[PDB]
Amino acid sequence: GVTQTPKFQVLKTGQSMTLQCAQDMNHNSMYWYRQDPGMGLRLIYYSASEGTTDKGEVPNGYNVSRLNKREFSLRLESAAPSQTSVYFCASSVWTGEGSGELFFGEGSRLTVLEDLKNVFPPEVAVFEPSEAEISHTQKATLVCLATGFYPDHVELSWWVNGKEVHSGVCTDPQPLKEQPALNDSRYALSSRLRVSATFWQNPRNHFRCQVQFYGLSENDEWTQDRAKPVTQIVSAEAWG
Amino acid sequence: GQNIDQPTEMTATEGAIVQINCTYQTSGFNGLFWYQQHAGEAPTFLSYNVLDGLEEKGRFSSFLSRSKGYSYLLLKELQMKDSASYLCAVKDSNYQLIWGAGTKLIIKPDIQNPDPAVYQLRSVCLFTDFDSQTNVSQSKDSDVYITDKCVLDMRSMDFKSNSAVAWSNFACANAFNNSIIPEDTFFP
Amino acid sequence: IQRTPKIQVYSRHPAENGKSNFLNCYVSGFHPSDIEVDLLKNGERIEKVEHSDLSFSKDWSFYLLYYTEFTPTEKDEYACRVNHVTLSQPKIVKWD
Amino acid sequence: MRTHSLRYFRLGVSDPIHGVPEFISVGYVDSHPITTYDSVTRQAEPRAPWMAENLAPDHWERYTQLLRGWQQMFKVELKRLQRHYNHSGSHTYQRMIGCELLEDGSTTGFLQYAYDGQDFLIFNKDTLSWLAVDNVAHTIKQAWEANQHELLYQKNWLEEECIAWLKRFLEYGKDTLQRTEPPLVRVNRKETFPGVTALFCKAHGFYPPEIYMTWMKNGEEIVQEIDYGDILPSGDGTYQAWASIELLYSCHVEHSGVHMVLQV
Ligand SMILES: Cc1nc2c(=O)[nH]c(=O)nc-2n(C[C@H](O)[C@H](O)[C@H](O)CO)c1O
């Protein structure tokens with residue numbers, strides 16, 4: 001019952017940002033958390049009830065507004081690279097109550113960069129099953145690679161004959177770094193789809209690997225010779 | 001409150017039991033919470049404990065020892081879907097939540113018939129059908145990319161399999177030379 | 001149910017004329033909370049008057065203490081003047 | 001240590017007259033005010049110098065925020081109550097939470113509610129239930145008893161959290177709270193209404209306010225009519241009380257482990 005927007009955002013250093021959060025649960029308390037790898041959730045700001053707000057553990061670089069009982073927005077005044085994180089909004093019925101749990105929003109993946117020149121969409125490629133594997137196991141594994149993207153803002157999904165399949169699918173939870181020693185290293189993501197040999201052997205079966213990329217928006221100054229690395233769907237396909 | 005400790009990572013086998021411990025050192029105690037956080041998703045409430053005892057919500061059980069300053073989240077009849085992070089939080093004297101760094105839980109599937117092998121796809125190399133004991137090591141080479149092991153489920157055939165991909169701009173027989181692989185690993 | 005205030009007017013120490021003391025007015029047992037208290041010297045209100053904040057009893061009623069520094073004399077007459085919703089007019093309670 | 005207690009009260013007033021706050025919350029350790037908050041200031045403040053000196057600004061900032069939310073909660077519960085009773089105008093809502101540390105080391109905890117200065121709901125932390133005075137109170141109880149984790153939280157707070165706070169405040173306010181000012185006691189004799197003699201036993205300058213005063217006849221209890229004066233604050237941290245009788249006679253006073261007899 002908590003709705004937070006946007007799910008993804010790319011920002012340039014010094015840019016302002018407002019994160020939205022609404023709950024239709026009649027909750028009085030609202031919170032803004034940030035999740036960073038290797039540590040527990042850190043509270044930026046909280047709002048115990050309508051008409052009041054206070055600083056949490058990490059308020060520097062932010063400000064909040066409790067617009068009403070339903071909404072609590074988070075603002076980044078002058079975005080800084082250290083503000084690149086996963087943000088969570090949450091609500092609870094009250095504070096000063098021990099038992100009342102937190103209800104979280106879906107999260108906002110924020111990337112802050114000095115320039116937008118390193119933002120790249122992925123190059124998607126499908127790899128057909130080995131003839132050796134079809135003989136050895138009577139099963140066919142399709143591998144999908146998404147490489148060279150930046151930032152790490154992707155969603156991989158498999159579609160067989162226009163319908164989205166989940167069975168026989170394994171996508172890496174985290175992408176790997178193509179240039180491990182570089183600070184602005186691009187990413188690679190892999191996925192596997194395993195079907196029956198017969199299924200793959202049927203040439204009426206169409207297999208598509210789809211990668212949703214979250215990049216730049218409509219209002220972003222782009223001057224480079226390469227096309228604007230906007231939010232886009234990049235796919236690869238193969239037939240039976 | 002000052003500190004909450006819980007292990008970084010835990011691995012157990014599918015169908016078995018795992019106990020995730022949580023120790024807290026706080027100024028006051030008004031309850032301990034457990035949250036489940038699936039990779040890329042939001043945390044969801046699992047349980048609350050404020051007095052001593054053990055509460056059971058199906059395969060999930062939560063225990064609190066207010067004297068030993070500890071709790072545990074117990075998971076029974078482990079399923080692959082239980083692969084997630086488990087966050088532990090304590091409400092101090094002033095009702096402020098103190099969060100643990102989280103525990104990532106990794107479930108090893110039950111491999112009924114292991115068939116270790118490395119195949120070439122059209123490029124990419126796939127290490128598949130190995131036992132859940134086998135560990136995949138990431139490469140040391142510059143333009144060589146190896147992924148962590150992944151578990152897929154063929155629901156319609158009640159089949160589970162382990163797999164790791166390798167690719168570069170590279171020999172398929174040299175692909176997983178940095179990892180200790182089975183002697184029975186098929187190379188066509 | 002409205003409870004009318006109990007008004008007690010007494011000195012801090014056993015009184016003696018010509019010796020500095022404190023005149024107390026303890027207003028308790030009242031409900032609801034709104035009350036007005038004034039100390040009087042020969043009918044007129046005393047300006048330099050100290051008091052406690054509204055206080056709470058376990059029986060859900062309220063109490064307060066008003067006091068002022070004074071030097072008692074045979075001639076001077078002191079009282080406490082209190083008003084509360086249970087009273088038509090303010091009640092003047094004399095110090096004895 | 002003697003018996004000590006920590007209490008927190010809340011007062012909610014609907015439709016208040018000018019100069020009356022909509023919400024008040026005061027904390028007490030025994031007879032001493034320790035914290036205050038009202039809907040006018042909207043700030044949690046100390047009311048004892050030893051509270052100000054030992055609790056860092058973060059404590060006041062935190063409780064200011066909780067009290068702002070408790071203020072909101074109380075305004076809404078009072079509206080629901082009035083709606084249940086079909087009441088209009090100005091009504092009051094009060095809460096009292098607290099605990100006691102007895103001399104023998106045992107403890108008590110209480111949490112109760114009042115509507116218009118009358119008993120409404122009383123928590124029983126030993127059966128984890130609410131005792132309701134009427135059908136309106138019974139409706140509220142039914143909702144409050146549905147949340148089993150809240151009941152458990154309340155019990156834990158009353159038994160552990162409250163005692164721990166009180167033990168902290170007893171140490172902070174040690175020089176006030178744990179001190180003893182023995183009473184000054186005198187027996188006054190006077191011929192009142194012709195043929196009637198009145199015996200007055202007066203005590204003053206004592207701290208803590210807990211005193212035992214009784215009149216005895218020839219060593220045993222006086223099965224006559226004793227009048228008792230209230231334990232009144234003298235305004236300097238000390239207290240006064242009295243006991244009177246009519247006409248071998250002796251006033252008995254007990255204060256902080258010292259027994260006093262005043263023979264006539
Ligand atoms: C420090 C503190 N202050 C207050 C307060 O000023 N007013 C109040 O009503 N309660 C206070 N509490 C006690 C407690 O945390 C609170 O009453 C919860 O609502 C009951 O568990 C407190 O612990």
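Each residue's number is its place along the chain shown, starting with 1.
Even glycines carry a Cβ here, placed using N, Cα and C.
Per Swiss-Prot, the residue from the list C:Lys6, C:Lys41 bearing the note glycation site is C:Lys41. Within the same chain, residues at least 6 positions away in sequence whose Cβ sits under 8 Å from that of C:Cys80 (disulfide bond) are C:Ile7, C:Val9, C:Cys25, C:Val27, C:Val37, C:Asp38, C:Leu39, C:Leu40, C:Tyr66, C:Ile92, C:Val93, C:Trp95. Sequence-distant neighbours of C:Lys94 (glycation site): residues of the same chain at least 6 apart with a C-beta under 8 Å from its C-beta are C:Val9, C:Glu77, C:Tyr78, C:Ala79. Across the domain 'Ig-like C1-type' (C:5-93), DSSP classifies residues as 0 helix, 49 strand, 40 coil. Long-range Cβ contacts of C:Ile1 (glycation site) within its own chain (separation 6+, distance under 8 Å): C:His31. The Cβ of C:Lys41 (glycation site) lies under 8 Å from the Cβ of C:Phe70, C:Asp76, C:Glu77, C:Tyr78, each on the same chain and at least six residues away in sequence. In sequence order, C:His31, C:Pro32, C:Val85, C:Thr86 constitute the residues six or more apart from C:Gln2 (pyrrolidone carboxylic acid) in its chain with CB-CB distances below 8 Å. Take the Cα of C:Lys91 (glycation site) and measure to each of the glycosylation sites C:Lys19, C:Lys48, C:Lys58: the nearest one is C:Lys48. Neighbour counts of Cβ atoms within 10 Å were taken for the glycosylation sites C:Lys48, C:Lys58; the minimum is at C:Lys48. The Cβ of C:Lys19 (glycation site) lies under 8 Å from the Cβ of C:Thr71, C:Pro72, each of these being in the same chain and 6 or more residues away along the sequence.
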